[PDB]
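Scroll down for the structure; my scribbles are underneath it.
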C-alpha cells in the first residue's frame, strides 16, 4: 500500500491510495489521514511521488490497479 | 495477510482475515486460530486494530478487498 | 509466492503453488522445480506446510486464491 | 513488482512488467525506464530473468497474472 499524487490535465493535484491491487481516490484530508494510518499499521510504503497525468509510470499503475470508490 | 477487528453497528465485534487481496469473516475461534497460523507461516502482519464500522480506513479496506466466504 | 501441500480425501498429496493471488496445482516434478525457481528469484516464502483437505487454513486459502490452470 | 524478459517463438525478446498481480508488455525503452522507476520507488524486485516462451515458470506467471495494456 502507498499513496501517490496525480497532476490532472485541468491542473489540480489528486491524492490516490493503492491497496489490495486497487486504486482509491482520496476525496478529503480525513481520508488521506486514515490511509496514512493504514500504511503505518500494515508495513506500507511511505514514498510520495507526484505523477503528471500523461506519465507512463502512472499510466501503467492505472492500467493494472482497478479504481474502487469509497 | 493480517487480522483486524470490526465494531458493528449493532455493537458486536467481528474478526476479519485479509488474505490474497480478499477479506474473510472469521466465524469461530478455530478459524481465528488457523488464520493466525497462516500469518505466522507466511510472514503476515501481526498488527491487530479495531475499526468502528464507519471508520474511513475500514471503509477503504472493504472497498478494495472483496469478501469471500469459507 | 509459496508452495503448500494438500492431503486429499482419496489420500494422495498434491503440491500447490500460490502466485499473484492465485493457486496453481503442480502436476509434475518439473513444474515443482520451476515454481521453486520462481520463489528463489522473486523473494518468495520457502515454508512448506502440509494441509489436510478439511483444514480451515487451507479452506480459507482456497476461498481467497482462485485456481488457474497451466 | 519486477521486470522479466520473454524469448518469443519468432525469436524476439520482449520485456514484461509485473505489477498489481498483472502483466504489462513494455513496448518502448521509455516504458522500460518508467517501470524501473516504479520498482525503485516501491520496493520492487530488481531481478532480471529471461524466459523461453515454453518455460513452465513463465507459463505459470502468464496463467496467474492477467495481461493489461497501457
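Residue numbers (the entry's author numbering), protein chains in the order written: chain A, 168 to 237; chain B, 168 to 237; chain C, 168 to 237; chain D, 168 to 237.
Idealized CB from N, CA, C, for every residue including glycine.
Taking DSSP's pairing of strands, which residues face residue i in a bridge?
i: residue 180 of chain A; result: A/174
i: residue 217 of chain D; result: D/172
i: residue 189 of chain C; result: C/186
Measure from the alpha carbon of residue i to the alpha carbon of each residue in the options, then state which is nearest.
i: residue 178 of chain C; options: C/214, C/228, C/219; result: C/219
i: residue 221 of chain A; options: D/175, D/209, D/197; result: D/197
i: residue 228 of chain A; options: D/199, D/183, D/237; result: D/237
Excluding sequence positions up to five away, which residues of its chain have a Cβ less than 7 Å from the Cβ of residue i?
i: residue 169 of chain A; result: 185, 206, 211, 212, 214
i: residue 235 of chain D; result: 189, 191
So, is residue i buried or exposed, given that buried needs 16 or more other C-beta atoms within 10 angstroms?
i: residue 173 of chain C; result: buried
Straight-line CA distance for residue i to residue j?
i: residue 230 of chain D; j: residue 217 of chain A; result: 33 Å
i: residue 233 of chain C; j: residue 202 of chain B; result: 18 Å
i: residue 225 of chain C; j: residue 187 of chain D; result: 24 Å
i: residue 195 of chain B; j: residue 182 of chain B; result: 9 Å
i: residue 199 of chain D; j: residue 193 of chain C; result: 32 Å
i: residue 176 of chain C; j: residue 208 of chain D; result: 46 Å
i: residue 223 of chain B; j: residue 223 of chain C; result: 30 Å
Apart from the five residues on each side of it in sequence, which residues of its chain come closer than 8 Å, Cβ to Cβ, to residue i?
i: residue 180 of chain A; result: 172, 173, 174, 217
Please return the same chain residues whose Cβ sits closer than 6 Å to the Cβ of residue i, not counting the five positions on each side in sequence.
i: residue 204 of chain C; result: none
For residue i, go through chain F and note every residue whose CB falls closer than 9 Å to its CB, in chain order.
i: residue 217 of chain B; result: Any reference to chain F falls outside this structure, whose protein chains are A, B, C and D.
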